[PDB]
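Only one chain comes next, encoded as structure tokens, the form deposited in one PDB entry.
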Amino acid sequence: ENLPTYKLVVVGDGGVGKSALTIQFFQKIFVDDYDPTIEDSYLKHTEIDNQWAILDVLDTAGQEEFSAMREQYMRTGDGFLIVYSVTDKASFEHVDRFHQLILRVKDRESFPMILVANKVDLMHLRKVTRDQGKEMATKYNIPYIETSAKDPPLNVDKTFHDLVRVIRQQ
């Protein structure tokens, strides 16, 4: 058998939940104080839709100019999660920056990605509606998913699996 690696890159503004989502996925715990500047990668064999793969995931953090790993992951990544927080309108607006960046680096008209609206467990603080998120995803022609990394987590496994599905379906 030829077991593929899917290199997945988690991008988005600071504070949106990239680390919490990634740690929830790999460790099944909610970490609420993960250093905003620390970048980690994760590697594991896992089975998605009854097909084995290796996932190599970068949880991006801090400045690109100080990152050892960023350049290679951006250039060679197979898919991207673009994460915003529904409580941070600027983070939602900035999705367009990440969308443009990915298409520029990958040098293609489209590329595997999912729009991830995180922190949907929060009601009072929510500033970006579901419909605003879904319309943005429609504009980019990419999937839209709502998540919460807080216990009990919502759609965390599904988000990573769905990105693999997009890669497989392209």
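So that the term is clear: the rigid core is the largest set of C-alpha atoms that superpose within 1.5 Å between two forms. Position 1 is the first residue in the sequence shown; the rest follow in order.
The following text describes the form deposited in another entry, which does not appear among the structures shown.
Undergrad: Kindly check if the Cα atom of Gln132 is displaced 2 angstroms or more between the shown form and the other one relative to the superposed rigid core.
TA: No, its C-alpha moves less than 2 Å.
Undergrad: Please check if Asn141 moves between the shown form and the other one, taking a CA shift of 2 Å or more relative to the superposed core as movement.
TA: The answer is no; the displacement is under 2 Å.
Undergrad: Align both forms on the core first, then report whether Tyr34 has a C-alpha shift of 2 Å or more between the shown form and the other one.
TA: Indeed, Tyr34 is displaced by 2 Å or more.
Undergrad: Relative to what's shown here, the Cα pair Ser91 and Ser41 differs by 3 Å or more in the other entry. Does it come closer or drift farther?
TA: Farther apart, which means the C-alphas of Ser91 and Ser41 are at least 3 Å more distant in the other entry.
Undergrad: Taking the cut-off of 3 Å or more as given, in which direction does the distance between the C-alpha atoms of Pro143 and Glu39 change in the other entry, closer or farther?
TA: The answer is farther, because the C-alphas of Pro143 and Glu39 separate from each other in the other entry by 3 Å or more.
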